[PDB]
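Asks: Next comes the structure file target03.pdb, holding PDB, C-alpha atoms.
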```
ATOM      1  CA  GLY A   1       2.587  16.796   6.839  1.00  0.00           C
ATOM      2  CA  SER A   2       4.193  19.945   5.420  1.00  0.00           C
ATOM      3  CA  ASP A   3       3.213  21.778   2.266  1.00  0.00           C
ATOM      4  CA  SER A   4       5.022  19.299   0.054  1.00  0.00           C
ATOM      5  CA  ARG A   5       3.953  18.486  -3.467  1.00  0.00           C
ATOM      6  CA  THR A   6       2.112  15.247  -4.244  1.00  0.00           C
ATOM      7  CA  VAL A   7       1.962  13.778  -0.691  1.00  0.00           C
ATOM      8  CA  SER A   8      -1.675  14.777  -0.093  1.00  0.00           C
ATOM      9  CA  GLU A   9      -2.604  13.180  -3.529  1.00  0.00           C
ATOM     10  CA  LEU A  10      -0.891   9.875  -2.763  1.00  0.00           C
ATOM     11  CA  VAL A  11      -2.515   9.753   0.677  1.00  0.00           C
ATOM     12  CA  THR A  12      -5.932  10.400  -0.836  1.00  0.00           C
ATOM     13  CA  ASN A  13      -5.288   7.717  -3.477  1.00  0.00           C
ATOM     14  CA  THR A  14      -4.644   5.167  -0.726  1.00  0.00           C
ATOM     15  CA  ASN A  15      -8.174   5.843   0.580  1.00  0.00           C
ATOM     16  CA  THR A  16      -9.780   5.832  -2.877  1.00  0.00           C
ATOM     17  CA  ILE A  17      -8.064   2.541  -3.711  1.00  0.00           C
ATOM     18  CA  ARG A  18      -9.131   0.990  -0.402  1.00  0.00           C
ATOM     19  CA  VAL A  19     -12.786   1.804  -1.146  1.00  0.00           C
ATOM     20  CA  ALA A  20     -12.465   0.401  -4.671  1.00  0.00           C
ATOM     21  CA  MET A  21     -10.722  -2.802  -3.508  1.00  0.00           C
ATOM     22  CA  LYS A  22     -13.522  -3.467  -1.030  1.00  0.00           C
ATOM     23  CA  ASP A  23     -16.199  -2.767  -3.639  1.00  0.00           C
ATOM     24  CA  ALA A  24     -14.597  -5.016  -6.242  1.00  0.00           C
ATOM     25  CA  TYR A  25     -13.459  -7.950  -4.125  1.00  0.00           C
ATOM     26  CA  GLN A  26     -14.609  -8.006  -0.540  1.00  0.00           C
ATOM     27  CA  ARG A  27     -17.707 -10.107  -1.405  1.00  0.00           C
ATOM     28  CA  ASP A  28     -15.372 -12.791  -2.863  1.00  0.00           C
ATOM     29  CA  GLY A  29     -13.781 -13.144   0.547  1.00  0.00           C
ATOM     30  CA  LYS A  30     -10.289 -12.901  -0.966  1.00  0.00           C
ATOM     31  CA  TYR A  31      -8.111 -10.507  -2.927  1.00  0.00           C
ATOM     32  CA  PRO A  32      -6.012 -10.727  -6.103  1.00  0.00           C
ATOM     33  CA  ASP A  33      -2.451 -11.996  -6.254  1.00  0.00           C
ATOM     34  CA  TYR A  34       0.268  -9.463  -6.978  1.00  0.00           C
ATOM     35  CA  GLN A  35       1.054  -8.742 -10.616  1.00  0.00           C
ATOM     36  CA  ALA A  36       3.588  -6.000 -11.236  1.00  0.00           C
ATOM     37  CA  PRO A  37       2.203  -2.626 -12.445  1.00  0.00           C
ATOM     38  CA  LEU A  38       5.683  -1.258 -13.159  1.00  0.00           C
ATOM     39  CA  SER A  39       5.442  -1.319 -16.941  1.00  0.00           C
ATOM     40  CA  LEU A  40       1.920   0.124 -17.170  1.00  0.00           C
ATOM     41  CA  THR A  41       1.118   3.330 -18.950  1.00  0.00           C
ATOM     42  CA  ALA A  42      -2.033   5.424 -18.864  1.00  0.00           C
ATOM     43  CA  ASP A  43      -3.074   3.368 -21.902  1.00  0.00           C
ATOM     44  CA  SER A  44      -2.189  -0.095 -20.733  1.00  0.00           C
ATOM     45  CA  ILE A  45      -3.699   0.207 -17.252  1.00  0.00           C
ATOM     46  CA  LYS A  46      -6.973   0.093 -19.227  1.00  0.00           C
ATOM     47  CA  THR A  47      -6.011  -3.024 -21.212  1.00  0.00           C
ATOM     48  CA  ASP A  48      -3.572  -5.272 -19.350  1.00  0.00           C
ATOM     49  CA  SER A  49      -5.317  -8.492 -18.370  1.00  0.00           C
ATOM     50  CA  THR A  50      -2.636 -10.340 -16.406  1.00  0.00           C
ATOM     51  CA  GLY A  51      -4.300  -9.525 -13.072  1.00  0.00           C
ATOM     52  CA  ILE A  52      -2.652  -6.290 -11.921  1.00  0.00           C
ATOM     53  CA  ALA A  53      -5.053  -4.985  -9.272  1.00  0.00           C
ATOM     54  CA  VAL A  54      -5.028  -1.296 -10.267  1.00  0.00           C
ATOM     55  CA  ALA A  55      -5.612  -2.338 -13.887  1.00  0.00           C
ATOM     56  CA  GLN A  56      -8.539  -4.485 -12.795  1.00  0.00           C
ATOM     57  CA  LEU A  57     -10.009  -1.608 -10.774  1.00  0.00           C
ATOM     58  CA  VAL A  58      -9.652   0.799 -13.713  1.00  0.00           C
ATOM     59  CA  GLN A  59     -11.172  -1.759 -16.096  1.00  0.00           C
ATOM     60  CA  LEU A  60     -14.078  -2.266 -13.667  1.00  0.00           C
ATOM     61  CA  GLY A  61     -14.664   1.485 -13.787  1.00  0.00           C
ATOM     62  CA  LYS A  62     -14.017   1.824 -10.044  1.00  0.00           C
ATOM     63  CA  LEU A  63     -10.789   3.824 -10.345  1.00  0.00           C
ATOM     64  CA  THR A  64      -9.107   5.953 -12.999  1.00  0.00           C
ATOM     65  CA  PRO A  65      -5.427   6.126 -13.924  1.00  0.00           C
ATOM     66  CA  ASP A  66      -4.549   9.197 -11.814  1.00  0.00           C
ATOM     67  CA  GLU A  67      -6.095   7.628  -8.737  1.00  0.00           C
ATOM     68  CA  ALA A  68      -3.919   4.545  -9.310  1.00  0.00           C
ATOM     69  CA  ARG A  69      -0.638   6.432  -9.529  1.00  0.00           C
ATOM     70  CA  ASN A  70       2.141   7.229  -7.078  1.00  0.00           C
ATOM     71  CA  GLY A  71       3.301  10.629  -8.297  1.00  0.00           C
ATOM     72  CA  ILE A  72       6.319  10.579  -5.992  1.00  0.00           C
ATOM     73  CA  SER A  73       7.825   7.459  -7.606  1.00  0.00           C
ATOM     74  CA  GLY A  74       6.143   7.884 -10.996  1.00  0.00           C
ATOM     75  CA  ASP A  75       4.860   4.293 -10.816  1.00  0.00           C
ATOM     76  CA  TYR A  76       1.351   2.925 -10.772  1.00  0.00           C
ATOM     77  CA  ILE A  77       0.675   1.660  -7.242  1.00  0.00           C
ATOM     78  CA  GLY A  78       1.582  -1.910  -6.342  1.00  0.00           C
ATOM     79  CA  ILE A  79      -1.176  -4.028  -4.819  1.00  0.00           C
ATOM     80  CA  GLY A  80      -0.824  -7.680  -3.860  1.00  0.00           C
ATOM     81  CA  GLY A  81      -2.076 -10.330  -1.522  1.00  0.00           C
ATOM     82  CA  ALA A  82      -1.806 -10.467   2.241  1.00  0.00           C
ATOM     83  CA  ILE A  83      -2.254 -13.463   4.513  1.00  0.00           C
ATOM     84  CA  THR A  84      -3.879 -13.588   7.916  1.00  0.00           C
ATOM     85  CA  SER A  85      -2.523 -16.911   9.210  1.00  0.00           C
ATOM     86  CA  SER A  86       0.718 -18.863   8.875  1.00  0.00           C
ATOM     87  CA  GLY A  87       1.067 -20.786   5.644  1.00  0.00           C
ATOM     88  CA  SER A  88      -2.309 -19.676   4.308  1.00  0.00           C
ATOM     89  CA  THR A  89      -2.817 -20.179   0.589  1.00  0.00           C
ATOM     90  CA  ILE A  90      -5.564 -17.544   0.331  1.00  0.00           C
ATOM     91  CA  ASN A  91      -5.153 -13.767   0.122  1.00  0.00           C
ATOM     92  CA  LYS A  92      -7.571 -12.949   2.918  1.00  0.00           C
ATOM     93  CA  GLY A  93      -6.123  -9.428   2.947  1.00  0.00           C
ATOM     94  CA  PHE A  94      -4.629  -7.059   0.410  1.00  0.00           C
ATOM     95  CA  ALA A  95      -1.450  -5.024   0.601  1.00  0.00           C
ATOM     96  CA  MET A  96      -0.453  -1.843  -1.216  1.00  0.00           C
ATOM     97  CA  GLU A  97       3.101  -0.609  -1.452  1.00  0.00           C
ATOM     98  CA  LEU A  98       4.153   3.042  -1.687  1.00  0.00           C
ATOM     99  CA  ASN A  99       7.690   3.169  -3.106  1.00  0.00           C
ATOM    100  CA  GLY A 100      10.408   5.743  -3.671  1.00  0.00           C
ATOM    101  CA  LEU A 101       9.776   7.864  -0.596  1.00  0.00           C
ATOM    102  CA  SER A 102      12.186  10.316   0.978  1.00  0.00           C
ATOM    103  CA  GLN A 103      12.361  10.334   4.769  1.00  0.00           C
ATOM    104  CA  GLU A 104      10.117  13.392   4.870  1.00  0.00           C
ATOM    105  CA  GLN A 105       7.593  11.947   2.421  1.00  0.00           C
ATOM    106  CA  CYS A 106       7.492   8.639   4.314  1.00  0.00           C
ATOM    107  CA  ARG A 107       6.975  10.379   7.666  1.00  0.00           C
ATOM    108  CA  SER A 108       4.303  12.640   6.268  1.00  0.00           C
ATOM    109  CA  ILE A 109       2.377   9.720   4.801  1.00  0.00           C
ATOM    110  CA  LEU A 110       2.585   7.719   8.041  1.00  0.00           C
ATOM    111  CA  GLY A 111       1.359  10.754   9.988  1.00  0.00           C
ATOM    112  CA  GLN A 112      -1.734  10.874   7.774  1.00  0.00           C
ATOM    113  CA  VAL A 113      -2.625   7.188   7.281  1.00  0.00           C
ATOM    114  CA  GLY A 114      -0.804   5.084   9.828  1.00  0.00           C
ATOM    115  CA  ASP A 115      -3.494   4.283  12.341  1.00  0.00           C
ATOM    116  CA  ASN A 116      -6.172   3.740   9.679  1.00  0.00           C
ATOM    117  CA  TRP A 117      -4.630   0.418   8.545  1.00  0.00           C
ATOM    118  CA  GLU A 118      -4.294  -2.692  10.587  1.00  0.00           C
ATOM    119  CA  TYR A 119      -0.878  -3.535   9.031  1.00  0.00           C
ATOM    120  CA  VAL A 120       1.811  -0.954   8.338  1.00  0.00           C
ATOM    121  CA  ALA A 121       5.452  -1.671   7.502  1.00  0.00           C
ATOM    122  CA  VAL A 122       8.378   0.423   6.284  1.00  0.00           C
ATOM    123  CA  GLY A 123      10.920  -0.923   3.802  1.00  0.00           C
ATOM    124  CA  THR A 124      13.412   0.407   1.281  1.00  0.00           C
ATOM    125  CA  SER A 125      11.753  -0.221  -2.080  1.00  0.00           C
ATOM    126  CA  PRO A 126      12.940   2.354  -4.631  1.00  0.00           C
ATOM    127  CA  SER A 127      11.007   3.947  -7.455  1.00  0.00           C
ATOM    128  CA  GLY A 128      10.781   1.354 -10.201  1.00  0.00           C
ATOM    129  CA  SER A 129      10.440  -1.556  -7.750  1.00  0.00           C
ATOM    130  CA  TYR A 130       7.975  -3.217  -5.357  1.00  0.00           C
ATOM    131  CA  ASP A 131      10.323  -5.267  -3.237  1.00  0.00           C
ATOM    132  CA  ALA A 132       7.833  -6.280  -0.551  1.00  0.00           C
ATOM    133  CA  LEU A 133       5.042  -7.336  -2.906  1.00  0.00           C
ATOM    134  CA  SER A 134       7.338  -9.209  -5.263  1.00  0.00           C
ATOM    135  CA  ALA A 135       8.601 -11.231  -2.279  1.00  0.00           C
ATOM    136  CA  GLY A 136       5.136 -12.779  -1.742  1.00  0.00           C
ATOM    137  CA  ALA A 137       1.893 -12.306   0.105  1.00  0.00           C
ATOM    138  CA  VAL A 138       2.384  -9.952   3.040  1.00  0.00           C
ATOM    139  CA  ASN A 139       2.301 -11.558   6.484  1.00  0.00           C
ATOM    140  CA  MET A 140      -0.157  -9.412   8.443  1.00  0.00           C
ATOM    141  CA  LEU A 141       0.684 -11.158  11.726  1.00  0.00           C
ATOM    142  CA  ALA A 142       4.441 -10.479  11.881  1.00  0.00           C
ATOM    143  CA  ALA A 143       5.418  -9.125  15.297  1.00  0.00           C
ATOM    144  CA  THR A 144       5.874  -5.369  15.474  1.00  0.00           C
ATOM    145  CA  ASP A 145       9.057  -3.503  16.198  1.00  0.00           C
ATOM    146  CA  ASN A 146       9.773   0.220  16.370  1.00  0.00           C
ATOM    147  CA  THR A 147      11.340   0.618  12.945  1.00  0.00           C
ATOM    148  CA  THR A 148      10.094  -1.823  10.294  1.00  0.00           C
ATOM    149  CA  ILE A 149       6.912  -3.701  11.207  1.00  0.00           C
ATOM    150  CA  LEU A 150       4.994  -0.813  12.733  1.00  0.00           C
ATOM    151  CA  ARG A 151       1.415  -2.104  13.062  1.00  0.00           C
ATOM    152  CA  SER A 152       0.168  -5.648  12.614  1.00  0.00           C
ATOM    153  CA  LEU A 153      -2.318  -8.273  13.765  1.00  0.00           C
ATOM    154  CA  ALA A 154       0.314  -9.762  16.094  1.00  0.00           C
ATOM    155  CA  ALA A 155      -0.069  -9.548  19.865  1.00  0.00           C
ATOM    156  CA  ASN A 156      -0.035  -5.889  20.877  1.00  0.00           C
ATOM    157  CA  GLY A 157       0.353  -4.972  17.225  1.00  0.00           C
ATOM    158  CA  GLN A 158      -2.093  -2.055  16.904  1.00  0.00           C
ATOM    159  CA  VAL A 159       0.567   0.496  17.907  1.00  0.00           C
ATOM    160  CA  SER A 160      -0.415   4.159  17.695  1.00  0.00           C
ATOM    161  CA  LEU A 161       1.923   5.778  15.192  1.00  0.00           C
ATOM    162  CA  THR A 162       2.264   9.138  16.908  1.00  0.00           C
ATOM    163  CA  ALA A 163       4.603  11.878  15.697  1.00  0.00           C
ATOM    164  CA  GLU A 164       7.161  10.681  18.257  1.00  0.00           C
ATOM    165  CA  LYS A 165       7.017   7.068  17.116  1.00  0.00           C
ATOM    166  CA  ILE A 166       7.278   8.084  13.459  1.00  0.00           C
ATOM    167  CA  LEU A 167      10.736   9.549  14.361  1.00  0.00           C
ATOM    168  CA  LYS A 168      12.011   6.006  14.846  1.00  0.00           C
ATOM    169  CA  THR A 169      11.112   5.002  11.284  1.00  0.00           C
ATOM    170  CA  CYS A 170      11.482   6.165   7.669  1.00  0.00           C
ATOM    171  CA  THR A 171      15.153   6.546   8.563  1.00  0.00           C
ATOM    172  CA  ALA A 172      16.748   5.548   5.230  1.00  0.00           C
ATOM    173  CA  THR A 173      17.436   7.724   2.223  1.00  0.00           C
ATOM    174  CA  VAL A 174      15.003   5.572   0.167  1.00  0.00           C
ATOM    175  CA  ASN A 175      11.930   4.314   1.993  1.00  0.00           C
ATOM    176  CA  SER A 176       8.691   2.551   1.196  1.00  0.00           C
ATOM    177  CA  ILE A 177       5.461   1.879   3.075  1.00  0.00           C
ATOM    178  CA  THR A 178       3.342  -1.256   2.864  1.00  0.00           C
ATOM    179  CA  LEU A 179      -0.267  -0.926   4.052  1.00  0.00           C
ATOM    180  CA  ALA A 180      -2.463  -4.008   4.408  1.00  0.00           C
ATOM    181  CA  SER A 181      -6.005  -4.777   5.437  1.00  0.00           C
ATOM    182  CA  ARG A 182      -8.562  -7.492   5.628  1.00  0.00           C
TER
END
```
Translate the structure described by the file into structure tokens.
Replies:
Amino acid sequence: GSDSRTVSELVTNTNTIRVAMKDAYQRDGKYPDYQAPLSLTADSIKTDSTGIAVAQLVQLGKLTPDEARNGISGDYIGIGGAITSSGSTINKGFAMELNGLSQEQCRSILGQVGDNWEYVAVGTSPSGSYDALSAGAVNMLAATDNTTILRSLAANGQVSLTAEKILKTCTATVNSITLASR
């Protein structure tokens, strides 16, 4: 991406969070349910005990508040469950949602991270909201298309998100990216 403020930090945070999520939870074989981080502060990320994943990671000492934050939206990063089969009742994956992105920010982020996640989708969740995560566990096996469900565990779902392909997405004025992994 271009020399645009904050995008490199958010991208790096996605990596840092991935490492921390694996360290905290992978041994359990399942990941935490979504709880909204949208009212957290730099204080309360250290104290909230309702099950917000970034708060858990900070309280485990595996992450700090700046590493948990989306500086583009000004929200702490949303993290919820993801499923790996139809009608599963276990979060066998996790999903993180990056909200409040301009077209350029969204494209830049996809150009840096896209092919490092086995599920990638683009939505329209604004700053202050996590529309995908609040809707439920993310379906990692939804069929891909060229605009919304970009990479998934569906048949032929590990699409290479080249610069050219990224031109077909992030096309709204307000965009969001959901990344998910086993």
Asks: Take the PyMOL selection byres ((chain A and resi 36) around 12), run it mentally on this structure, and tell me the resulting residues as an MDAnalysis selection string.
Replies: chainID A and resid 32:35 37:40 45 48:55 75:80 96:97 128:136
Asks: Hey, what comes out of the PyMOL selection byres ((chain A and resi 7) around 10) on this file? Could you write it as a ChimeraX atom specification?
Replies: /A:1-6,8-13,70-72,101,104-106,108-109,112
Asks: When the PyMOL selection byres ((chain A and resi 115) around 10) is applied to the file above, which residues end up in the set, as an MDAnalysis selection string?
Replies: chainID A and resid 110:114 116:120 150:151 158:162
Asks: So how far away is atom CA of residue 21 of chain A from atom CA of residue 90 of chain A, in Å?
Replies: 16.1 Å
Asks: Separation of atom CA of residue 16 of chain A and atom CA of residue 143 of chain A, in Å?
Replies: 28.0 Å
Asks: Got a sec: who's within 12 Å of residue 168 of chain A, counting all atoms listed in the file, leaving out chain neighbours fewer than 2 positions off, as a count of residues only?
Replies: 20
Asks: Please indicate the distance in Å from atom CA of residue 98 of chain A to atom CA of residue 152 of chain A, rounded to one decimal place.
Replies: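 Rounded to one decimal, the two atoms are 17.2 Å apart.
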Asks: Have a look at A:175, A:47, A:91, A:86 and name the one nearest to residue 142 of chain A; count only C-alpha atoms.
Replies: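 Of A:175, A:47, A:91, A:86, the one nearest residue 142 of chain A, counting only C-alpha atoms, is A:86.
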Asks: Box for segment 160-178 of chain A: with edges along x, y and z, all listed atoms inside and 8 Å added on each side, what are the centre and edge lengths in Å to one decimal, as JSON?
Replies:
```
{"center_x": 8.5, "center_y": 5.3, "center_z": 9.2, "size_x": 33.9, "size_y": 29.1, "size_z": 34.1}
```
Asks: From the list A:61, A:126, A:46, A:28, which residue is nearest residue 74 of chain A when using only C-alpha atoms?
Replies: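 Of the candidates, the smallest distance to residue 74 of chain A is held by A:126.
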Asks: Rank A:73, A:181, A:156, A:124 by their smallest atom-to-atom distance to residue 15 of chain A, using all atoms listed in the file, and report the top residue only.
Replies: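 Checking each candidate against residue 15 of chain A, we get A:181 as the closest.
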Asks: Return the single residue from A:174, A:58, A:42, A:68 that is closest to residue 17 of chain A, with distances computed using only C-alpha atoms.
Replies: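 Using only C-alpha atoms, residue 17 of chain A sits closest to A:68.
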Asks: Determine the nearest neighbour of residue 141 of chain A from the options A:102, A:85, A:127, A:173, counting only C-alpha atoms.
Replies: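 Residue with the minimum atom-to-atom distance to residue 141 of chain A: A:85.
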Asks: Measuring atom to atom with only C-alpha atoms, identify which of A:65, A:88, A:93, A:82 is nearest to residue 22 of chain A.
Replies: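 Closest residue, counting only C-alpha atoms: A:93.
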Asks: Kindly complete segment 73-95 of chain A to N, CA and C atoms; the output should be written as a PDB file, keeping the file's coordinate frame.
Replies:
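out-v9.pdb was written with the following content:
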```
ATOM      1  N   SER A  73       6.958   8.406  -6.918  1.00  0.00           N
ATOM      2  CA  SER A  73       7.825   7.459  -7.606  1.00  0.00           C
ATOM      3  C   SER A  73       7.614   7.450  -9.124  1.00  0.00           C
ATOM      4  N   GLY A  74       6.486   7.976  -9.601  1.00  0.00           N
ATOM      5  CA  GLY A  74       6.143   7.884 -10.996  1.00  0.00           C
ATOM      6  C   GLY A  74       5.721   6.496 -11.439  1.00  0.00           C
ATOM      7  N   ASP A  75       5.346   5.634 -10.500  1.00  0.00           N
ATOM      8  CA  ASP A  75       4.860   4.293 -10.816  1.00  0.00           C
ATOM      9  C   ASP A  75       3.371   4.188 -10.472  1.00  0.00           C
ATOM     10  N   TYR A  76       2.663   3.351 -11.212  1.00  0.00           N
ATOM     11  CA  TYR A  76       1.351   2.925 -10.772  1.00  0.00           C
ATOM     12  C   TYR A  76       1.526   2.084  -9.489  1.00  0.00           C
ATOM     13  N   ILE A  77       0.566   2.201  -8.582  1.00  0.00           N
ATOM     14  CA  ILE A  77       0.675   1.660  -7.242  1.00  0.00           C
ATOM     15  C   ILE A  77       0.614   0.123  -7.247  1.00  0.00           C
ATOM     16  N   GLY A  78       1.547  -0.473  -6.512  1.00  0.00           N
ATOM     17  CA  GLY A  78       1.582  -1.910  -6.342  1.00  0.00           C
ATOM     18  C   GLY A  78       0.558  -2.381  -5.320  1.00  0.00           C
ATOM     19  N   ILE A  79      -0.174  -3.433  -5.683  1.00  0.00           N
ATOM     20  CA  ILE A  79      -1.176  -4.028  -4.819  1.00  0.00           C
ATOM     21  C   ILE A  79      -1.050  -5.547  -4.973  1.00  0.00           C
ATOM     22  N   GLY A  80      -0.948  -6.242  -3.858  1.00  0.00           N
ATOM     23  CA  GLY A  80      -0.824  -7.680  -3.860  1.00  0.00           C
ATOM     24  C   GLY A  80      -1.619  -8.316  -2.745  1.00  0.00           C
ATOM     25  N   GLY A  81      -1.380  -9.607  -2.558  1.00  0.00           N
ATOM     26  CA  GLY A  81      -2.076 -10.330  -1.522  1.00  0.00           C
ATOM     27  C   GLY A  81      -1.456 -10.136  -0.153  1.00  0.00           C
ATOM     28  N   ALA A  82      -2.266 -10.406   0.862  1.00  0.00           N
ATOM     29  CA  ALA A  82      -1.806 -10.467   2.241  1.00  0.00           C
ATOM     30  C   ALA A  82      -2.489 -11.676   2.892  1.00  0.00           C
ATOM     31  N   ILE A  83      -1.743 -12.316   3.785  1.00  0.00           N
ATOM     32  CA  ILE A  83      -2.254 -13.463   4.513  1.00  0.00           C
ATOM     33  C   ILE A  83      -2.479 -13.104   5.974  1.00  0.00           C
ATOM     34  N   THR A  84      -3.421 -13.851   6.561  1.00  0.00           N
ATOM     35  CA  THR A  84      -3.879 -13.588   7.916  1.00  0.00           C
ATOM     36  C   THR A  84      -3.665 -14.789   8.845  1.00  0.00           C
ATOM     37  N   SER A  85      -2.899 -15.784   8.378  1.00  0.00           N
ATOM     38  CA  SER A  85      -2.523 -16.911   9.210  1.00  0.00           C
ATOM     39  C   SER A  85      -1.310 -17.579   8.551  1.00  0.00           C
ATOM     40  N   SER A  86      -0.532 -18.285   9.360  1.00  0.00           N
ATOM     41  CA  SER A  86       0.718 -18.863   8.875  1.00  0.00           C
ATOM     42  C   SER A  86       0.457 -19.915   7.803  1.00  0.00           C
ATOM     43  N   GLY A  87       1.171 -19.804   6.690  1.00  0.00           N
ATOM     44  CA  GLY A  87       1.067 -20.786   5.644  1.00  0.00           C
ATOM     45  C   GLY A  87      -0.257 -20.798   4.917  1.00  0.00           C
ATOM     46  N   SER A  88      -1.077 -19.753   5.072  1.00  0.00           N
ATOM     47  CA  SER A  88      -2.309 -19.676   4.308  1.00  0.00           C
ATOM     48  C   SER A  88      -2.008 -19.643   2.819  1.00  0.00           C
ATOM     49  N   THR A  89      -2.910 -20.237   2.040  1.00  0.00           N
ATOM     50  CA  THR A  89      -2.817 -20.179   0.589  1.00  0.00           C
ATOM     51  C   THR A  89      -3.908 -19.295  -0.002  1.00  0.00           C
ATOM     52  N   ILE A  90      -4.538 -18.462   0.814  1.00  0.00           N
ATOM     53  CA  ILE A  90      -5.564 -17.544   0.331  1.00  0.00           C
ATOM     54  C   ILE A  90      -5.177 -16.122   0.732  1.00  0.00           C
ATOM     55  N   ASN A  91      -5.347 -15.183  -0.201  1.00  0.00           N
ATOM     56  CA  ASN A  91      -5.153 -13.767   0.122  1.00  0.00           C
ATOM     57  C   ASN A  91      -6.398 -13.232   0.824  1.00  0.00           C
ATOM     58  N   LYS A  92      -6.464 -13.450   2.137  1.00  0.00           N
ATOM     59  CA  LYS A  92      -7.571 -12.949   2.918  1.00  0.00           C
ATOM     60  C   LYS A  92      -7.470 -11.443   3.182  1.00  0.00           C
ATOM     61  N   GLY A  93      -6.297 -10.865   2.935  1.00  0.00           N
ATOM     62  CA  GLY A  93      -6.123  -9.428   2.947  1.00  0.00           C
ATOM     63  C   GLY A  93      -5.513  -8.974   1.624  1.00  0.00           C
ATOM     64  N   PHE A  94      -5.383  -7.654   1.499  1.00  0.00           N
ATOM     65  CA  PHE A  94      -4.629  -7.059   0.410  1.00  0.00           C
ATOM     66  C   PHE A  94      -3.601  -6.107   0.997  1.00  0.00           C
ATOM     67  N   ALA A  95      -2.533  -5.910   0.223  1.00  0.00           N
ATOM     68  CA  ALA A  95      -1.450  -5.024   0.601  1.00  0.00           C
ATOM     69  C   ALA A  95      -1.162  -4.066  -0.544  1.00  0.00           C
TER      70      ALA A  95
END
```
